[PDB]
Amino acid sequence: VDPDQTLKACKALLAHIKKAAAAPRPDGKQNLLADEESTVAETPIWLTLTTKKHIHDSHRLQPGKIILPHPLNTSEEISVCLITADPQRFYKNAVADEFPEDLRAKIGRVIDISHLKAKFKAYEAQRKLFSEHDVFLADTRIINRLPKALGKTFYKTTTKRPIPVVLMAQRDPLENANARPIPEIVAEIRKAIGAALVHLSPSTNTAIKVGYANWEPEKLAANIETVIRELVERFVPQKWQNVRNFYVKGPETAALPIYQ
RNA sequence: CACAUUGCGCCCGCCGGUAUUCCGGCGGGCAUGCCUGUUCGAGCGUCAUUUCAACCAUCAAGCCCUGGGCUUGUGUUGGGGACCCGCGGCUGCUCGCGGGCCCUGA
């Protein structure tokens, strides 16, 4: 790779995104819930990794976590749902009382598997939950049972797949619930929410969201370059031999080649 | 029960006479309509009965630079939208695998 031309790939895209959003709508009626700054801010950007062989033999519904120098979810209007195994009442008190105030506001709701498996069975119920929140996380004890309880409303879109977390301190839920020390859970949850995700789909194309169109091109370039180093070093088999074109994609724009 | 005669039935117990069987006597009870409840029933009066449940890993195994992190545990309803792509065939049009956006009651 190279930084300078990858960087020149960056502001080449945001320039096209900025002019696309600022362009007036031809039919003459504007959007009542869309500001030209807001639409640019909400527009994500993706890097599309192409290979010459499968990343995985089959679909992997537990995504991989790649830490970034600049975390992704930092907007104020981000609501997060946490899924647990122990009594959700315990985590509700844990959320309410012993918990930082900045990341309380980003918590939407916490629900155990039992309440998840009872209320959200119908497809509308899991679609209502799917649309209401932005990102989801679940304890590794339960992440295996989530595909059945959530259906294809979560594991076909592939965008809002839940993120695994480890509430392993080292049976009657009502007796006692093993739990990690609270101050380092909130470090883990903050770590998990801001970590980019890679979906080990069977195909030879993996798209990763590494920022938005309101980010500075240099900070976006730093985010993309560390994903490129990490992802090839850990996930794709055969490392550099299996890797191929690296396209930067806008959700409504074209692709920007970067050949490795 | 009987014009009521100090006569005669049925049930439980007792007493005195040779007494488990006989005799006599004594004590407690046995009318009708109706109400509340109890228990025992009757009815080709009506109904239900061949059970749509729960039941993956609410943690295990292996590791590393000894305490945090890592890997494996394959688990998804269907359909539609002159929308934006990656990769393979197709001389080509196009078709397949996988994505991003949107809609819909299992």
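Remember, our numbering sits 27 above the position in the first sequence when you count from 1. Using N, Cα and C, we set each Cβ at its ideal position, and we do this for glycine too.
**Asked** According to the Cβ coordinates, are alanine 248 and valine 67 closer than 8 angstroms?
**Response** Walking along the first sequence from the start, residue 248 turns up at place 221. Walking along the first sequence from the start, residue 67 turns up at place 40. With a cutoff of 8 angstroms on beta-carbon distance, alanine 248 and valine 67 are scored as not near each other.
**Item:** Buried/exposed call for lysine 183, threshold 16 Cβ in 10 Å
**Value:** Walking along the first sequence from the start, residue 183 turns up at place 156. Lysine 183 sits exposed, since fewer than 16 C-beta atoms from the chains shown fall within 10 Å of its C-beta.
**Message:** Measuring only the C-alpha atoms, how far is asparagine 232 from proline 189?
**Reply:** In the first sequence, residue 232 corresponds to position 205, counting from 1. In the first sequence, residue 189 corresponds to position 162, counting from 1. Cα to Cα, the separation comes out at about 20 angstroms.
**Asked** Mind checking whether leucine 258 and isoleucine 93 have CB atoms under 8 angstroms apart?
**Response** Here residue 258 refers to the residue found at position 231 when the first sequence is read from its first residue. Here residue 93 refers to the residue found at position 66 when the first sequence is read from its first residue. Yes, they are a contact pair.
**Message:** Would you call the stretch 202 to 217 in contact with the stretch 126 to 136, where contact means no fewer than 3 C-beta pairs closer than 8 angstroms?
**Reply:** Judged by Cβ distances under 8 angstroms, the stretch 202 to 217 makes contact with the stretch 126 to 136, as three or more pairs qualify.
**Request:** Please name the residue, chosen from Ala282, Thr180, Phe157, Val192, that lies closest to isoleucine 170 on a Cα-to-Cα basis.
**Result:** Here the question's residue 170 lines up with position 143 in the first sequence. Checked all of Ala282, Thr180, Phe157, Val192; the closest Cα to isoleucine 170 is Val192.
**Nearest to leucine 95 (by Cα), restricted to the options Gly55, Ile220, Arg168, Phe181** = Locating residue 95 in the first sequence gives position 68, where the first residue counts as 1. Across the set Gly55, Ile220, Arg168, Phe181, the C-alpha of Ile220 shows the shortest separation from the C-alpha of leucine 95.
**Prompt:** How big is the Cα-Cα spacing for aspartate 161 and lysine 80?
**Reply:** Start at 1 with the first residue of the first sequence, and residue 161 comes out as number 134. Start at 1 with the first residue of the first sequence, and residue 80 comes out as number 53. Taking the straight line from one Cα to the other gives about 32 angstroms.
**Message:** Rounded to the nearest angstrom, what separates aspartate 139 and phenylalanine 273 at their Cα positions?
**Reply:** Within the first sequence, residue 139 is the residue found at index 112, counting from 1. Within the first sequence, residue 273 is the residue found at index 246, counting from 1. Taking the straight line from one Cα to the other gives about 39 angstroms.
**Request:** Starting from the Cα of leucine 99, find the closest Cα among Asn250, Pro90, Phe181 and give me that residue.
**Result:** As a working note, residue 99 is residue 72 in the first sequence. Closest by C-alpha distance to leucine 99, out of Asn250, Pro90, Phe181, is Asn250.
**Message:** Suppose contacts are defined by Cβ-Cβ distances below 8 angstroms. Is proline 174 in contact with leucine 88 by that definition?
**Reply:** On the first sequence, residue 174 is found 147 positions in, with the first residue counted as 1. On the first sequence, residue 88 is found 61 positions in, with the first residue counted as 1. Taking 8 angstroms as the Cβ cut-off, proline 174 and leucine 88 qualify as a contacting pair.
**Request:** Rounded to whole angstroms, what's the CA-CA distance from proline 210 to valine 122? Just pull it up for me.
**Result:** Reading the first sequence from its first residue, position 183 is the one you call residue 210. Reading the first sequence from its first residue, position 95 is the one you call residue 122. Whole-angstrom Cα-Cα distance: 12 angstroms.
**Request:** Let me know the alpha helix (DSSP H) ranges lying completely inside the stretch 217 to 280, each 4 residues or longer, listed in chain order.
**Result:** If we require 4 residues or more, the alpha helix (DSSP H) runs fully inside the stretch 217 to 280 come out as 244 to 261.
**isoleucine 44 and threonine 77 closer than 8 angstroms at C-beta** = What you label residue 44 is simply residue 17 of the first sequence in a count that begins at 1. What you label residue 77 is simply residue 50 of the first sequence in a count that begins at 1. With contacts defined by Cβ atoms closer than 8 angstroms, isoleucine 44 and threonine 77 do not form a contacting pair.
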